[PDB]
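J.: Structure file query-v8.pdb (PDB, C-alpha atoms) right here:
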ATOM      1  CA  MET Z   1     132.820  51.423  93.693
ATOM      2  CA  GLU Z   2     132.503  54.051  90.953
ATOM      3  CA  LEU Z   3     132.548  52.323  87.567
ATOM      4  CA  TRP Z   4     131.928  53.840  84.143
ATOM      5  CA  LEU Z   5     130.591  51.393  81.552
ATOM      6  CA  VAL Z   6     130.722  52.381  77.910
ATOM      7  CA  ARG Z   7     128.806  50.696  75.101
ATOM      8  CA  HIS Z   8     131.010  50.567  72.004
ATOM      9  CA  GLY Z   9     130.070  52.540  68.909
ATOM     10  CA  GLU Z  10     127.714  51.130  66.299
ATOM     11  CA  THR Z  11     128.498  48.447  63.732
ATOM     12  CA  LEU Z  12     126.393  47.677  60.656
ATOM     13  CA  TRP Z  13     124.350  45.120  62.586
ATOM     14  CA  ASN Z  14     122.871  47.806  64.820
ATOM     15  CA  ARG Z  15     120.949  49.335  61.912
ATOM     16  CA  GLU Z  16     120.378  45.879  60.406
ATOM     17  CA  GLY Z  17     118.963  44.522  63.657
ATOM     18  CA  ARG Z  18     121.091  41.378  63.940
ATOM     19  CA  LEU Z  19     122.340  39.843  67.189
ATOM     20  CA  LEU Z  20     126.026  40.642  67.581
ATOM     21  CA  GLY Z  21     127.894  38.772  70.291
ATOM     22  CA  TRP Z  22     131.261  37.122  69.736
ATOM     23  CA  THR Z  23     131.076  37.819  66.003
ATOM     24  CA  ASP Z  24     133.849  40.348  65.337
ATOM     25  CA  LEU Z  25     132.573  43.275  63.247
ATOM     26  CA  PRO Z  26     134.182  46.721  62.877
ATOM     27  CA  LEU Z  27     132.716  50.086  63.835
ATOM     28  CA  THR Z  28     130.972  52.060  61.107
ATOM     29  CA  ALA Z  29     132.008  55.623  60.292
ATOM     30  CA  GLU Z  30     129.302  56.880  62.658
ATOM     31  CA  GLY Z  31     130.512  54.383  65.248
ATOM     32  CA  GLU Z  32     133.970  55.920  65.153
ATOM     33  CA  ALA Z  33     132.305  59.329  65.287
ATOM     34  CA  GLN Z  34     130.429  58.304  68.434
ATOM     35  CA  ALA Z  35     133.680  57.029  69.940
ATOM     36  CA  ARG Z  36     135.568  60.272  69.286
ATOM     37  CA  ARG Z  37     132.845  62.269  71.018
ATOM     38  CA  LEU Z  38     133.599  60.340  74.212
ATOM     39  CA  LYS Z  39     137.114  61.757  74.478
ATOM     40  CA  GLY Z  40     137.120  64.409  77.186
ATOM     41  CA  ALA Z  41     133.710  63.242  78.392
ATOM     42  CA  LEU Z  42     134.942  60.253  80.397
ATOM     43  CA  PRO Z  43     137.020  60.413  83.609
ATOM     44  CA  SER Z  44     140.764  59.740  83.400
ATOM     45  CA  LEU Z  45     140.565  56.428  85.245
ATOM     46  CA  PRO Z  46     142.323  53.135  84.500
ATOM     47  CA  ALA Z  47     140.628  51.537  81.495
ATOM     48  CA  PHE Z  48     139.642  47.953  80.715
ATOM     49  CA  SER Z  49     138.023  46.720  77.531
ATOM     50  CA  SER Z  50     136.427  43.735  75.885
ATOM     51  CA  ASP Z  51     138.970  42.318  73.430
ATOM     52  CA  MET Z  52     136.526  42.623  70.522
ATOM     53  CA  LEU Z  53     137.792  45.032  67.846
ATOM     54  CA  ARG Z  54     134.808  47.385  68.072
ATOM     55  CA  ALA Z  55     135.332  47.814  71.819
ATOM     56  CA  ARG Z  56     139.097  48.295  71.581
ATOM     57  CA  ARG Z  57     138.636  50.837  68.772
ATOM     58  CA  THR Z  58     136.075  52.767  70.807
ATOM     59  CA  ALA Z  59     138.494  52.933  73.740
ATOM     60  CA  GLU Z  60     141.287  54.136  71.455
ATOM     61  CA  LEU Z  61     139.247  56.880  69.805
ATOM     62  CA  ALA Z  62     137.992  57.846  73.266
ATOM     63  CA  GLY Z  63     141.593  58.525  74.273
ATOM     64  CA  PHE Z  64     142.276  55.390  76.309
ATOM     65  CA  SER Z  65     144.826  52.549  76.215
ATOM     66  CA  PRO Z  66     142.879  49.766  78.003
ATOM     67  CA  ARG Z  67     143.960  46.395  79.275
ATOM     68  CA  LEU Z  68     141.995  43.684  77.469
ATOM     69  CA  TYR Z  69     139.694  41.199  79.190
ATOM     70  CA  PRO Z  70     137.436  38.727  77.334
ATOM     71  CA  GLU Z  71     135.257  38.783  80.459
ATOM     72  CA  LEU Z  72     133.882  42.114  79.206
ATOM     73  CA  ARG Z  73     132.582  40.543  75.988
ATOM     74  CA  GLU Z  74     128.936  40.565  74.963
ATOM     75  CA  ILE Z  75     127.016  37.354  75.661
ATOM     76  CA  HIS Z  76     127.881  34.535  73.225
ATOM     77  CA  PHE Z  77     124.712  34.052  71.158
ATOM     78  CA  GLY Z  78     125.925  30.708  69.832
ATOM     79  CA  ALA Z  79     123.852  29.625  66.833
ATOM     80  CA  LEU Z  80     121.886  32.860  67.188
ATOM     81  CA  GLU Z  81     124.935  34.957  66.288
ATOM     82  CA  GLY Z  82     123.913  37.197  63.379
ATOM     83  CA  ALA Z  83     120.240  36.242  63.564
ATOM     84  CA  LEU Z  84     117.748  38.995  62.777
ATOM     85  CA  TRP Z  85     115.887  40.137  65.880
ATOM     86  CA  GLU Z  86     112.721  40.396  63.775
ATOM     87  CA  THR Z  87     112.596  36.673  62.924
ATOM     88  CA  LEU Z  88     113.841  35.485  66.306
ATOM     89  CA  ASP Z  89     111.600  32.789  67.817
ATOM     90  CA  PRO Z  90     109.161  34.357  70.342
ATOM     91  CA  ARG Z  91     110.683  32.221  73.100
ATOM     92  CA  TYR Z  92     114.125  33.730  72.510
ATOM     93  CA  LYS Z  93     112.664  37.226  72.132
ATOM     94  CA  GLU Z  94     110.840  36.882  75.440
ATOM     95  CA  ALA Z  95     113.899  35.441  77.193
ATOM     96  CA  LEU Z  96     116.025  38.365  76.039
ATOM     97  CA  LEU Z  97     113.310  40.950  76.769
ATOM     98  CA  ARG Z  98     112.661  39.677  80.295
ATOM     99  CA  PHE Z  99     116.382  38.937  80.613
ATOM    100  CA  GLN Z 100     115.964  35.391  81.912
ATOM    101  CA  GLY Z 101     116.037  31.748  80.872
ATOM    102  CA  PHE Z 102     118.069  32.290  77.706
ATOM    103  CA  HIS Z 103     120.232  29.384  76.595
ATOM    104  CA  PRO Z 104     121.083  29.498  72.884
ATOM    105  CA  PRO Z 105     122.404  26.278  71.331
ATOM    106  CA  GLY Z 106     126.185  26.443  71.034
ATOM    107  CA  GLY Z 107     126.215  29.597  73.120
ATOM    108  CA  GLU Z 108     126.287  31.067  76.606
ATOM    109  CA  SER Z 109     123.293  31.078  78.970
ATOM    110  CA  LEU Z 110     122.163  34.373  80.466
ATOM    111  CA  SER Z 111     122.912  33.023  83.947
ATOM    112  CA  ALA Z 112     126.464  32.146  82.901
ATOM    113  CA  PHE Z 113     126.826  35.553  81.257
ATOM    114  CA  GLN Z 114     125.756  37.352  84.439
ATOM    115  CA  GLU Z 115     128.167  35.307  86.571
ATOM    116  CA  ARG Z 116     131.031  36.157  84.201
ATOM    117  CA  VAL Z 117     130.222  39.859  84.203
ATOM    118  CA  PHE Z 118     129.544  40.214  87.918
ATOM    119  CA  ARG Z 119     132.611  38.147  88.795
ATOM    120  CA  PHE Z 120     134.721  40.534  86.728
ATOM    121  CA  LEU Z 121     133.178  43.622  88.347
ATOM    122  CA  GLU Z 122     133.753  42.155  91.820
ATOM    123  CA  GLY Z 123     137.464  41.880  91.089
ATOM    124  CA  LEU Z 124     137.977  45.567  90.311
ATOM    125  CA  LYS Z 125     139.928  47.183  93.163
ATOM    126  CA  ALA Z 126     139.412  50.811  92.166
ATOM    127  CA  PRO Z 127     137.289  53.111  89.978
ATOM    128  CA  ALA Z 128     137.659  52.316  86.295
ATOM    129  CA  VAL Z 129     136.204  52.935  82.844
ATOM    130  CA  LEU Z 130     134.994  49.761  81.138
ATOM    131  CA  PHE Z 131     134.633  49.600  77.357
ATOM    132  CA  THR Z 132     132.112  46.862  76.752
ATOM    133  CA  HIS Z 133     128.827  45.870  75.072
ATOM    134  CA  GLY Z 134     125.093  46.524  75.282
ATOM    135  CA  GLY Z 135     124.287  43.280  77.060
ATOM    136  CA  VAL Z 136     126.936  43.883  79.710
ATOM    137  CA  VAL Z 137     125.616  47.379  80.439
ATOM    138  CA  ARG Z 138     122.092  45.960  80.442
ATOM    139  CA  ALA Z 139     122.960  43.234  82.954
ATOM    140  CA  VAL Z 140     124.414  45.848  85.298
ATOM    141  CA  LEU Z 141     121.528  48.287  84.889
ATOM    142  CA  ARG Z 142     118.903  45.580  85.408
ATOM    143  CA  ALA Z 143     120.713  44.264  88.489
ATOM    144  CA  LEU Z 144     120.450  47.822  89.799
ATOM    145  CA  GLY Z 145     116.717  47.831  89.089
ATOM    146  CA  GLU Z 146     116.633  50.029  85.976
ATOM    147  CA  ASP Z 147     115.904  49.685  82.262
ATOM    148  CA  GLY Z 148     119.234  48.599  80.827
ATOM    149  CA  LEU Z 149     119.048  49.714  77.207
ATOM    150  CA  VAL Z 150     121.584  52.344  76.149
ATOM    151  CA  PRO Z 151     122.569  53.816  72.743
ATOM    152  CA  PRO Z 152     125.782  52.690  71.035
ATOM    153  CA  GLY Z 153     128.660  54.912  72.101
ATOM    154  CA  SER Z 154     126.890  56.022  75.277
ATOM    155  CA  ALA Z 155     127.978  55.494  78.872
ATOM    156  CA  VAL Z 156     126.657  54.957  82.370
ATOM    157  CA  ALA Z 157     128.414  55.481  85.684
ATOM    158  CA  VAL Z 158     127.364  53.362  88.640
ATOM    159  CA  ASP Z 159     128.291  52.931  92.285
ATOM    160  CA  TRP Z 160     128.588  49.146  92.062
ATOM    161  CA  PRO Z 161     126.709  47.190  93.386
ATOM    162  CA  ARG Z 162     124.397  49.841  94.823
ATOM    163  CA  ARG Z 163     123.037  52.328  92.280
ATOM    164  CA  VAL Z 164     123.279  54.101  88.944
ATOM    165  CA  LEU Z 165     124.918  57.530  89.158
ATOM    166  CA  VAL Z 166     124.534  58.973  85.670
ATOM    167  CA  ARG Z 167     123.695  58.068  82.078
ATOM    168  CA  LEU Z 168     125.702  59.944  79.474
ATOM    169  CA  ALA Z 169     124.629  60.320  75.855
ATOM    170  CA  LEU Z 170     126.218  62.656  73.305
ATOM    171  CA  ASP Z 171     124.759  63.938  70.034
TER     172      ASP Z 171
ATOM    173  CA  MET N   1     123.480  45.401  98.135
ATOM    174  CA  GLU N   2     119.766  44.896  97.507
ATOM    175  CA  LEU N   3     118.462  41.396  98.153
ATOM    176  CA  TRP N   4     114.823  40.353  98.033
ATOM    177  CA  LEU N   5     114.061  37.406 100.319
ATOM    178  CA  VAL N   6     110.870  35.754  99.074
ATOM    179  CA  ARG N   7     108.991  33.129 101.077
ATOM    180  CA  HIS N   8     107.441  30.501  98.797
ATOM    181  CA  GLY N   9     103.662  30.208  98.590
ATOM    182  CA  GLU N  10     101.733  28.052 101.047
ATOM    183  CA  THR N  11     101.636  24.256 101.038
ATOM    184  CA  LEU N  12      99.267  22.032 103.027
ATOM    185  CA  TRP N  13     101.707  21.826 105.943
ATOM    186  CA  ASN N  14     101.557  25.588 106.480
ATOM    187  CA  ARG N  15      97.827  25.571 107.168
ATOM    188  CA  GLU N  16      98.226  22.307 109.094
ATOM    189  CA  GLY N  17     101.013  23.754 111.224
ATOM    190  CA  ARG N  18     103.633  21.092 110.514
ATOM    191  CA  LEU N  19     107.413  21.517 110.375
ATOM    192  CA  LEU N  20     108.311  21.712 106.683
ATOM    193  CA  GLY N  21     111.941  21.450 105.659
ATOM    194  CA  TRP N  22     113.325  19.032 103.096
ATOM    195  CA  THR N  23     109.974  17.306 102.527
ATOM    196  CA  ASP N  24     109.204  18.306  98.924
ATOM    197  CA  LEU N  25     105.561  19.411  99.129
ATOM    198  CA  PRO N  26     103.827  21.151  96.210
ATOM    199  CA  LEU N  27     102.038  24.496  96.489
ATOM    200  CA  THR N  28      98.293  24.563  97.152
ATOM    201  CA  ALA N  29      96.021  26.481  94.778
ATOM    202  CA  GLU N  30      96.210  29.479  97.099
ATOM    203  CA  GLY N  31      99.981  29.148  97.228
ATOM    204  CA  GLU N  32     100.072  29.401  93.450
ATOM    205  CA  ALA N  33      97.783  32.440  93.571
ATOM    206  CA  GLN N  34     100.146  34.060  96.080
ATOM    207  CA  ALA N  35     103.044  33.354  93.720
ATOM    208  CA  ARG N  36     101.224  34.922  90.768
ATOM    209  CA  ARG N  37     100.537  38.070  92.793
ATOM    210  CA  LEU N  38     104.280  38.549  93.290
ATOM    211  CA  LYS N  39     104.801  38.972  89.540
ATOM    212  CA  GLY N  40     103.532  42.542  89.732
ATOM    213  CA  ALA N  41     105.788  43.590  92.598
ATOM    214  CA  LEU N  42     109.208  41.918  92.540
ATOM    215  CA  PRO N  43     112.010  43.785  90.721
ATOM    216  CA  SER N  44     113.550  42.111  87.677
ATOM    217  CA  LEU N  45     116.869  41.286  89.356
ATOM    218  CA  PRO N  46     118.948  38.123  88.843
ATOM    219  CA  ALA N  47     116.988  35.318  90.496
ATOM    220  CA  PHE N  48     118.069  32.358  92.607
ATOM    221  CA  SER N  49     115.913  29.736  94.248
ATOM    222  CA  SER N  50     115.866  26.818  96.632
ATOM    223  CA  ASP N  51     115.697  23.649  94.525
ATOM    224  CA  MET N  52     112.536  22.568  96.365
ATOM    225  CA  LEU N  53     109.405  22.317  94.195
ATOM    226  CA  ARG N  54     107.438  24.886  96.200
ATOM    227  CA  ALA N  55     110.203  27.470  95.813
ATOM    228  CA  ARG N  56     110.827  26.730  92.126
ATOM    229  CA  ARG N  57     107.114  26.919  91.344
ATOM    230  CA  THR N  58     106.813  30.209  93.226
ATOM    231  CA  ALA N  59     109.655  31.646  91.132
ATOM    232  CA  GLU N  60     108.098  30.451  87.867
ATOM    233  CA  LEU N  61     104.652  31.875  88.650
ATOM    234  CA  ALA N  62     106.240  35.146  89.798
ATOM    235  CA  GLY N  63     107.814  35.425  86.345
ATOM    236  CA  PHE N  64     111.394  34.315  87.033
ATOM    237  CA  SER N  65     113.824  31.637  85.759
ATOM    238  CA  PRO N  66     116.136  31.172  88.788
ATOM    239  CA  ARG N  67     119.518  29.543  89.196
ATOM    240  CA  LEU N  68     118.994  26.683  91.649
ATOM    241  CA  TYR N  69     120.930  26.420  94.908
ATOM    242  CA  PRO N  70     120.264  23.844  97.644
ATOM    243  CA  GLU N  71     121.963  26.293 100.015
ATOM    244  CA  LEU N  72     118.679  28.212  99.980
ATOM    245  CA  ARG N  73     116.734  25.254 101.385
ATOM    246  CA  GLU N  74     114.922  25.427 104.696
ATOM    247  CA  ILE N  75     116.719  23.568 107.496
ATOM    248  CA  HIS N  76     116.341  19.772 107.362
ATOM    249  CA  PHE N  77     114.145  18.750 110.305
ATOM    250  CA  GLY N  78     115.101  15.093 109.945
ATOM    251  CA  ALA N  79     112.674  12.911 111.887
ATOM    252  CA  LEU N  80     110.757  16.062 112.804
ATOM    253  CA  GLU N  81     109.706  16.701 109.191
ATOM    254  CA  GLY N  82     105.910  16.908 109.250
ATOM    255  CA  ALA N  83     105.662  17.038 113.038
ATOM    256  CA  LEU N  84     102.883  19.229 114.402
ATOM    257  CA  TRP N  85     104.347  22.369 115.938
ATOM    258  CA  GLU N  86     101.553  22.345 118.525
ATOM    259  CA  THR N  87     102.669  18.991 119.945
ATOM    260  CA  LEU N  88     106.407  19.375 119.451
ATOM    261  CA  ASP N  89     108.376  18.069 122.431
ATOM    262  CA  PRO N  90     109.480  20.940 124.721
ATOM    263  CA  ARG N  91     113.112  19.902 124.226
ATOM    264  CA  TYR N  92     112.937  20.758 120.518
ATOM    265  CA  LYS N  93     110.385  23.561 120.761
ATOM    266  CA  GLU N  94     112.549  25.394 123.279
ATOM    267  CA  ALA N  95     115.669  24.775 121.197
ATOM    268  CA  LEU N  96     113.978  26.342 118.165
ATOM    269  CA  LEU N  97     112.701  29.262 120.247
ATOM    270  CA  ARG N  98     116.021  30.011 121.965
ATOM    271  CA  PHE N  99     118.019  30.223 118.707
ATOM    272  CA  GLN N 100     121.163  29.044 120.511
ATOM    273  CA  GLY N 101     121.390  25.581 118.968
ATOM    274  CA  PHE N 102     119.335  22.815 117.355
ATOM    275  CA  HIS N 103     120.045  19.395 115.836
ATOM    276  CA  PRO N 104     117.017  17.126 115.226
ATOM    277  CA  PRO N 105     117.580  13.364 114.823
ATOM    278  CA  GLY N 106     118.447  12.489 111.235
ATOM    279  CA  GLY N 107     118.384  16.197 110.543
ATOM    280  CA  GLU N 108     120.620  19.220 110.112
ATOM    281  CA  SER N 109     122.068  21.423 112.879
ATOM    282  CA  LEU N 110     121.359  25.148 113.121
ATOM    283  CA  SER N 111     125.108  25.664 112.744
ATOM    284  CA  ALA N 112     125.224  23.737 109.473
ATOM    285  CA  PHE N 113     122.119  25.623 108.308
ATOM    286  CA  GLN N 114     123.724  28.998 109.037
ATOM    287  CA  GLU N 115     127.081  28.089 107.488
ATOM    288  CA  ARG N 116     125.050  27.121 104.436
ATOM    289  CA  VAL N 117     122.792  30.173 104.193
ATOM    290  CA  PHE N 118     125.373  32.809 105.084
ATOM    291  CA  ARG N 119     128.075  31.354 102.857
ATOM    292  CA  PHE N 120     125.577  31.631  99.994
ATOM    293  CA  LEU N 121     124.584  35.216 100.822
ATOM    294  CA  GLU N 122     128.209  36.306 101.261
ATOM    295  CA  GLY N 123     128.973  34.820  97.855
ATOM    296  CA  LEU N 124     126.422  36.855  95.901
ATOM    297  CA  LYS N 125     128.089  39.281  93.490
ATOM    298  CA  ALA N 126     125.114  41.451  92.526
ATOM    299  CA  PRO N 127     121.609  42.367  93.761
ATOM    300  CA  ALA N 128     119.159  39.485  93.533
ATOM    301  CA  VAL N 129     115.725  38.038  94.227
ATOM    302  CA  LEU N 130     115.933  34.916  96.378
ATOM    303  CA  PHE N 131     113.041  32.424  96.359
ATOM    304  CA  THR N 132     113.448  30.574  99.621
ATOM    305  CA  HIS N 133     111.838  29.468 102.891
ATOM    306  CA  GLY N 134     110.601  30.947 106.149
ATOM    307  CA  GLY N 135     113.638  29.869 108.154
ATOM    308  CA  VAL N 136     116.003  31.464 105.659
ATOM    309  CA  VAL N 137     114.069  34.742 105.622
ATOM    310  CA  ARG N 138     113.970  34.696 109.421
ATOM    311  CA  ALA N 139     117.728  34.089 109.579
ATOM    312  CA  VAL N 140     118.351  37.179 107.425
ATOM    313  CA  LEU N 141     115.923  39.365 109.372
ATOM    314  CA  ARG N 142     117.433  38.304 112.696
ATOM    315  CA  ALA N 143     120.943  38.990 111.432
ATOM    316  CA  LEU N 144     119.679  42.530 110.811
ATOM    317  CA  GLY N 145     118.186  42.886 114.281
ATOM    318  CA  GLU N 146     114.575  42.301 113.280
ATOM    319  CA  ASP N 147     111.872  39.754 114.130
ATOM    320  CA  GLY N 148     110.628  37.476 111.363
ATOM    321  CA  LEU N 149     106.957  38.049 110.587
ATOM    322  CA  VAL N 150     106.855  37.131 106.902
ATOM    323  CA  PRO N 151     103.852  35.066 105.737
ATOM    324  CA  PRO N 152     103.978  32.568 102.831
ATOM    325  CA  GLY N 153     104.145  34.287  99.449
ATOM    326  CA  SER N 154     105.434  37.532 100.935
ATOM    327  CA  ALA N 155     108.832  39.190 100.683
ATOM    328  CA  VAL N 156     111.306  41.423 102.466
ATOM    329  CA  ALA N 157     113.914  43.537 100.689
ATOM    330  CA  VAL N 158     117.160  44.202 102.530
ATOM    331  CA  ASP N 159     120.290  46.268 101.944
ATOM    332  CA  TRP N 160     122.618  43.411 102.835
ATOM    333  CA  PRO N 161     124.165  43.215 105.313
ATOM    334  CA  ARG N 162     123.069  46.565 106.762
ATOM    335  CA  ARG N 163     119.294  46.883 107.127
ATOM    336  CA  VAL N 164     115.785  46.012 105.968
ATOM    337  CA  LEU N 165     114.586  48.184 103.081
ATOM    338  CA  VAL N 166     110.893  47.293 103.025
ATOM    339  CA  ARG N 167     108.441  44.475 103.715
ATOM    340  CA  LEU N 168     105.941  43.276 101.114
ATOM    341  CA  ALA N 169     103.033  41.300 102.553
ATOM    342  CA  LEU N 170     100.289  40.818  99.970
TER     343      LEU N 170
END
Would you mind writing the file's structure down as C-alpha cells?
T.:
Amino acid sequence: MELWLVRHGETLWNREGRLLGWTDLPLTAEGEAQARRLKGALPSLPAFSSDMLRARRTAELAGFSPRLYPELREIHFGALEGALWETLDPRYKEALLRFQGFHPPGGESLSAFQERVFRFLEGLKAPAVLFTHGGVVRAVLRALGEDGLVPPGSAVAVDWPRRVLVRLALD
Amino acid sequence: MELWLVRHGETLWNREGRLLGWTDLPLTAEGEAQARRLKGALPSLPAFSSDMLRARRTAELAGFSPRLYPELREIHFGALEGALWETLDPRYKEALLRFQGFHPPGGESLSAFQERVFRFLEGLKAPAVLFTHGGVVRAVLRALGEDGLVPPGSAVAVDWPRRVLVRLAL
C-alpha cells in the first residue's frame, strides 16, 4: 500500500537538541517555510495527521485538510520530554540509537510505540499522506531495513509493509 | 512481508539428540558464541522471541530486546521431553516424520502447535526478526514448500507468506 509519511517542520527544540514527544510546541518560521515547500510536492491523496499542532500546521501549509489521529503522534518520552539529547543517560541514548529496549518512566515503551504505529498503518484501506513525527517515520524506515532518520519537513513514500519507494527532501 | 526466523543457539540436548520443547534449558558456551555471531548479520527489525531462556538469551547476545510471546515456543513434547530421538518409539517417530498428526502424552498436539504459530505469524503488522525454535522454523519453511535444514544459531529470511528470501547458516 503506497503511503507517504511526512515529518513535520522544525520547532525550536530541533536546533536545541531536546526530545520532543507529546510536548506541544509550535513550528518556527523556518518550520513553516519547510511546510510551504511541500505544497505541490506531495500527491493529492487523503490526508491523516497527528493531532499535535506542529503536525496539523505542516499539513495545512502543505495544502491539506487532514483527519486527526493521536495514533500518529511521536513516542511519549514521559519524564524524558524536553531532556537534552547531549546529557541523556548512555542507556537511553543507546536504546534510542539501536531503537530497542526503551521504556522511559511515565512514558511509552518503544515496543508499545511500534504496535501503535503499525496498528494504525494496518488499518489504512487506501493510499494516503500521513503528517507525523520523526520517530514514526524512523520506526517505519527501520522496519523496512533502512536508516530511519529524515530532516524536518521532509517526506518518504513506502509500499507498506514491503519497501521504501522514495525519500523527498526540499531546499 | 520480511520475516527472519532465527533458531536459538545450541543447548546440551541438541548435541545429545534429545527432544527439546518446553524444557527450559540454557545455551551452552558454543550456543552463546553462535548467538553473538548473529549480531553482525541480522537486520535491525522489530524483534520478538519465544519466552524460553535459550531463545531470550540468543536474542540478547544477537543485540536485540524482543517482545516475548509463548506462541513462538517449540511444541510441548509432554512426557517425551528429553527423550532420545534415536530410541523414540516408532509410533511417535513415524507420527513426527509423517507430519499428518501428533499428540504426545501430557503434551501438545501438532494442530494446537500450528494454530498457535500461524495465528502469531498472521498477526504480525510489520517486518520482524523472530527468535524461536527448530520446529517453528521448520513449520514456516514447509508452509513455503521447502525442507527444514536450519542448524542451531542459524536463520532463514522469508517474504511471508510467499517464499524464502535467503538462508543464513554461520
J.: Grab the atom CA of residue Z:55 to atom CA of residue N:124 distance for me, in Å with one decimal place.
T.: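 Rounded to one decimal, the two atoms are 27.9 Å apart.
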J.: Could you jot down the atom CA of residue N:160 to atom CA of residue N:38 separation for me, Å, one decimal place?
T.: 21.2 Å
J.: Give me the box for stretch 147-166 of chain N as lines of an AutoDock Vina configuration file, namely the centre and edge lengths in Å to one decimal of a box along x, y and z that holds every listed atom plus 3 Å on each side.
T.:
center_x = 114.0
center_y = 40.4
center_z = 106.8
size_x = 26.3
size_y = 21.6
size_z = 20.7
J.: For a quick test of understanding: name the residues of chain N lying within 7 Å of chain Z when counting all atoms listed in the file, and present them as a short mmCIF file (atom, residue, chain, number, x, y, z; two decimals) with C-alpha atoms, in the frame of the given file.
T.:
data_model
loop_
_atom_site.label_atom_id
_atom_site.label_comp_id
_atom_site.auth_asym_id
_atom_site.auth_seq_id
_atom_site.Cartn_x
_atom_site.Cartn_y
_atom_site.Cartn_z
CA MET N 1 123.48 45.40 98.14
CA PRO N 43 112.01 43.78 90.72
CA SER N 44 113.55 42.11 87.68
CA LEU N 45 116.87 41.29 89.36
CA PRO N 46 118.95 38.12 88.84
CA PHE N 64 111.39 34.32 87.03
CA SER N 65 113.82 31.64 85.76
CA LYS N 125 128.09 39.28 93.49
CA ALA N 126 125.11 41.45 92.53
CA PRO N 127 121.61 42.37 93.76
#
J.: Can you list what the PyMOL selection byres ((chain N and resi 112-115) around 10) grabs from this structure, as a ChimeraX atom specification?
T.: /N:71-76,102-103,108-111,116-120,135-136,139-140
J.: Please write the residues from the selection above to a file, keeping C-alpha atoms, as a PDB file, in the frame of the given file.
T.:
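Result saved to result28.pdb:
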ATOM      1  CA  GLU N  71     121.963  26.293 100.015  1.00  0.00           C
ATOM      2  CA  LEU N  72     118.679  28.212  99.980  1.00  0.00           C
ATOM      3  CA  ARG N  73     116.734  25.254 101.385  1.00  0.00           C
ATOM      4  CA  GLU N  74     114.922  25.427 104.696  1.00  0.00           C
ATOM      5  CA  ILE N  75     116.719  23.568 107.496  1.00  0.00           C
ATOM      6  CA  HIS N  76     116.341  19.772 107.362  1.00  0.00           C
ATOM      7  CA  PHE N 102     119.335  22.815 117.355  1.00  0.00           C
ATOM      8  CA  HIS N 103     120.045  19.395 115.836  1.00  0.00           C
ATOM      9  CA  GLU N 108     120.620  19.220 110.112  1.00  0.00           C
ATOM     10  CA  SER N 109     122.068  21.423 112.879  1.00  0.00           C
ATOM     11  CA  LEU N 110     121.359  25.148 113.121  1.00  0.00           C
ATOM     12  CA  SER N 111     125.108  25.664 112.744  1.00  0.00           C
ATOM     13  CA  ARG N 116     125.050  27.121 104.436  1.00  0.00           C
ATOM     14  CA  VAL N 117     122.792  30.173 104.193  1.00  0.00           C
ATOM     15  CA  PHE N 118     125.373  32.809 105.084  1.00  0.00           C
ATOM     16  CA  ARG N 119     128.075  31.354 102.857  1.00  0.00           C
ATOM     17  CA  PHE N 120     125.577  31.631  99.994  1.00  0.00           C
ATOM     18  CA  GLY N 135     113.638  29.869 108.154  1.00  0.00           C
ATOM     19  CA  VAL N 136     116.003  31.464 105.659  1.00  0.00           C
ATOM     20  CA  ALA N 139     117.728  34.089 109.579  1.00  0.00           C
ATOM     21  CA  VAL N 140     118.351  37.179 107.425  1.00  0.00           C
TER      22      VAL N 140
END
J.: Between atom CA of residue Z:46 and atom CA of residue Z:7, what distance in Å does the model show, to one decimal?
T.: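 Rounded to one decimal, the two atoms are 16.6 Å apart.
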J.: Counting all atoms listed in the file, which residue out of N:47, N:169, N:88, N:79 sits closest to residue N:105?
T.: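 Ranking N:47, N:169, N:88, N:79 by distance to residue N:105, first place goes to N:79.
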J.: Take the PyMOL selection byres ((chain N and resi 17-23) around 9), apply it to the structure above, and return the hits as a PyMOL selection string.
T.: chain N and resi 12-16+24-25+52+73-78+80-86+133+135
J.: Taking (145.0, 49.1, 80.0) in the file's coordinates as the center, which residues reach within 8 Å of it, counting all atoms listed in the file, put as a PyMOL selection string?
T.: chain Z and resi 46-49+64-68
J.: Put those residues in a file: C-alpha atoms, as an mmCIF file, in the coordinates of the input.
T.:
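The resulting result14.cif:
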data_model
loop_
_atom_site.group_PDB
_atom_site.id
_atom_site.type_symbol
_atom_site.label_atom_id
_atom_site.label_comp_id
_atom_site.auth_asym_id
_atom_site.auth_seq_id
_atom_site.Cartn_x
_atom_site.Cartn_y
_atom_site.Cartn_z
ATOM 1 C CA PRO Z 46 142.323 53.135 84.500
ATOM 2 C CA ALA Z 47 140.628 51.537 81.495
ATOM 3 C CA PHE Z 48 139.642 47.953 80.715
ATOM 4 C CA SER Z 49 138.023 46.720 77.531
ATOM 5 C CA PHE Z 64 142.276 55.390 76.309
ATOM 6 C CA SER Z 65 144.826 52.549 76.215
ATOM 7 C CA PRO Z 66 142.879 49.766 78.003
ATOM 8 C CA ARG Z 67 143.960 46.395 79.275
ATOM 9 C CA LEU Z 68 141.995 43.684 77.469
#
J.: Using only C-alpha atoms for the distances, tell me which of Z:76, Z:138, Z:152, Z:38 is nearest to residue Z:12.
T.: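 Of Z:76, Z:138, Z:152, Z:38, the one nearest residue Z:12 is Z:152, counting only C-alpha atoms.
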J.: Here's the selection I'm unsure about, the PyMOL selection byres ((chain N and resi 155) around 12); applied to the file above, which residues does it give, as a PyMOL selection string?
T.: chain N and resi 3-9+34-35+37-39+41-43+58+62+129-134+136-138+140-141+148-154+156-158+164-170
J.: Given only C-alpha atoms as the basis, pick out the residue of N:106, N:163, N:48, N:89 nearest to residue N:121.
T.: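 Counting only C-alpha atoms, the residue closest to residue N:121 is N:48.
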J.: Of the residues Z:127, Z:9, Z:106, Z:153, which is the one nearest to residue Z:75, using all atoms listed in the file?
T.: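 Closest candidate: Z:106.
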J.: If we count all atoms listed in the file, what is near residue Z:19 at a cut-off of 12 Å, once residues fewer than 4 positions away on the same chain are taken out, given as a PyMOL selection string?
T.: chain Z and resi 11-15+23-25+74-88+92-93+96+104+133-135
J.: Which residue out of Z:26, Z:73, Z:149, Z:129 has the minimum interatomic distance to residue Z:97 when all atoms listed in the file are used?
T.: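 Counting all atoms listed in the file, the residue closest to residue Z:97 is Z:149.
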J.: I need the residue nearest residue Z:113 from this list: Z:20, Z:165, Z:136, Z:4. Use all atoms listed in the file for the distance.
T.: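 Ranking Z:20, Z:165, Z:136, Z:4 by distance to residue Z:113, first place goes to Z:136.
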